[PDB]
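K.L.:
Sharing a structure, written as structure tokens. Questions coming.
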Amino acid sequence: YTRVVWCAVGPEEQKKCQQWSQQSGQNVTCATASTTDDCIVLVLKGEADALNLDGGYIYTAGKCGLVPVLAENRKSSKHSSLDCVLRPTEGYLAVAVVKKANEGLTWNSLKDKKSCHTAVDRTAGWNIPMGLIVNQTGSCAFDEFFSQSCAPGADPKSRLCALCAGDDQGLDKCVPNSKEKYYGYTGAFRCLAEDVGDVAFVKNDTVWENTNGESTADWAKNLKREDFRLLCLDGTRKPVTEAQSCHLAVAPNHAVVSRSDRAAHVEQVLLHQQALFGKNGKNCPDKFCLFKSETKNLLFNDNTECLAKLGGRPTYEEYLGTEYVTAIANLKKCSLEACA
Ligand SMILES: *[C@@H]1O[C@H](CO)[C@@H](O[C@@H]2O[C@H](CO)[C@@H](O[C@@H]3O[C@H](CO)[C@@H](O)[C@H](O)[C@@H]3O)[C@H](O)[C@H]2NC(C)=O)[C@H](O)[C@H]1NC(C)=O
Ligand SMILES: *[C@@H]1O[C@H](CO)[C@@H](O[C@@H]2O[C@H](CO)[C@@H](O[C@@H]3O[C@H](CO)[C@@H](O)[C@H](O)[C@@H]3O)[C@H](O)[C@H]2NC(C)=O)[C@H](O)[C@H]1NC(C)=O
Ligand SMILES: NC[C@@H](O[C@H]1O[C@H](CO[C@H]2O[C@@H](CO)[C@H](O)[C@@H](O)[C@@H]2O)[C@@H](O)[C@H](O)[C@@H]1O)c1ccccc1
Ligand SMILES: *[C@@H]1O[C@H](CO)[C@@H](O)[C@H](O)[C@H]1NC(C)=O
Ligand SMILES: [Fe+3]
Ligand SMILES: [Zn+2]
Ligand SMILES: [Zn+2]
């Protein structure tokens, strides 16, 4: 009745979802799929209600008829006086990151280097950087630009998956879910941190959250911001503090999507759920916190302050915006569920 089946992608999200289900008196239950695309299908069938998505998947879901419901909102230095749930979303910065020690590596000498992507089809890890590379290159052969990569979601046998490591046992190599060691923002950044790749396509927040003691993980423990450099499009290299002037693009925030006939219901349930387990929530941190998962960004990014209303009741094209939407169309002409 006032119920939403959340779609978890992978066993680790399934685990976090089950805790949330317990804690919500089952006002929220869970469905699990191996990929984000399969989750989108369960929602289309009506077997799951919603899940939080990167802009790149919002475009996929968007063509299949799903709509953005609420968006992730993180800390701000403006729009401070108004509440988080009513505050407009600012978007994040897609950046290219390298080690300072890898001197002379610039945006112009990326050909034949090793890359770390969050996953195929994602905004900062794939659509933006590959879109730029296909445009600058006049060729749709992005499968040959980098010598080796870890781009979760690609053909496990291709060079685009050579750098991926799989799980603690070597299985699930290159799967586009957290079982794959170098998946998502954290994984792609770990891929560069462990010097597996030369460059990581992540967002600007990732660098800051996994350096200078912010993360207590074993591989991030000793990482220092000064040991990293951002690659700008003009050919320069800048400190990570200069992201506002050295990013590849500003990306629309990840957002919760659902089938439109369920949008209203999913919205109400979620606003109540964050009042309980949110940042200033009734039951967080003592019983449960929806937006924490020890740096793993399970279900939601860990730096989320709240899920905000959209208002202007935007379709997915308006949400993603005309600039971003045309970018994806361009890149995809290089190659239901395939919905339009
Ligand atoms: C890769 O190159 C393509 C082709 O140039 C880029 O797409 C182009 O993007 C611009 C800006 O988004 C579009 O211009 C816009 O045109 C509309 C009217 O058509 C106008 O109202 C806007 O003010 C703006 O001038 C252009 O239409 C679009 N071209 C195509 C064929 O889609 C694309 O953005 C590049 N990809 C990346 C990631 O940079
Ligand atoms: C690049 O991404 C990082 C990570 O999100 C951004 O740095 C963060 O900046 C915010 C403010 O914009 C800081 O939030 C504030 O922290 C202070 C405590 O130091 C507190 O007064 C506020 O209540 C709020 O929590 C945040 O601390 C900081 N993150 C870290 C770990 O330094 C940065 O703004 C992004 N830059 C670009 C170009 O987007
Ligand atoms: N508020 C987001 C808007 O969506 C459209 O806006 C982004 C740009 O977002 C700006 O947001 C403000 C705060 O709202 C920040 O201060 C700026 O730094 C950001 O650039 C567009 O690029 C994109 O087209 C997007 O669709 C929105 C308004 C109302 C309802 C839903 C979304
Ligand atoms: C379950 O949903 C009902 C209906 O809104 C609400 O009153 C109750 O607080 C919810 N229980 C929990 C623990 O979320
Ligand atoms: Fe993203
Ligand atoms: Zn810009
Ligand atoms: Zn509209």
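The residue numbers of chain A are those assigned by Swiss-Prot, with the residues present covering 361-695, 700-704 sequentially.
Cβ from N, Cα, C; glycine included.
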K.L.:
Tell me, from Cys399, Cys424, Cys444, which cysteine Swiss-Prot puts in a disulphide with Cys703.
P.N.:
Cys424
K.L.:
Tell me, from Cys510, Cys534, which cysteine Swiss-Prot puts in a disulphide with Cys521.
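P.N.:
Between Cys521 and the options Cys510, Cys534, Swiss-Prot records the bond with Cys534.
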K.L.:
May I have the list of same-chain residues other than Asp414, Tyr452, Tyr545, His614 whose Cβ is within 8 Å of the Cβ centroid of the recorded Fe(3+) 2 site, in sequence order?
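P.N.:
Result: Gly415, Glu432, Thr478, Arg482, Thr483, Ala484, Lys563, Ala611, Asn613, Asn661.
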K.L.:
List the disulfide-bonded residues among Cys500, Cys521, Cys534 whose C-alpha is within 10 Å of the C-alpha of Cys510 (disulfide bond), in sequence order, or say none.
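P.N.:
Cα within 10 Å of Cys510 (disulfide bond): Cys521, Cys534.
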K.L.:
For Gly485 (hydrogencarbonate 2 binding site), which residues of its chain lie six or more apart in sequence with Cβ-Cβ distance below 8 Å?
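P.N.:
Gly485 (hydrogencarbonate 2 binding site) has long-range Cβ partners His477, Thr478, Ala479, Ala511, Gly544, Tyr545, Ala548, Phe561, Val562.
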K.L.:
In the same chain, which residues outside the set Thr478, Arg482, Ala484, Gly485 have their CB within 8 A of the centroid of the CB atoms that define the hydrogencarbonate 2 site?
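P.N.:
The answer, listed by sequence position, is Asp414, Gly416, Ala454, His477, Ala479, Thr483, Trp486, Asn487, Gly544, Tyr545, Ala548, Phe561, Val562, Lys563.
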K.L.:
Let me check the 10 A CB neighbour count of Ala484 (hydrogencarbonate 2 binding site). How many other CB atoms are there?
P.N.:
29
K.L.:
Test of understanding: give the count of other CB atoms lying within 10 angstroms of the CB of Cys694 (disulfide bond).
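P.N.:
For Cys694 (disulfide bond), the count of other Cβ atoms within 10 Å is 13.
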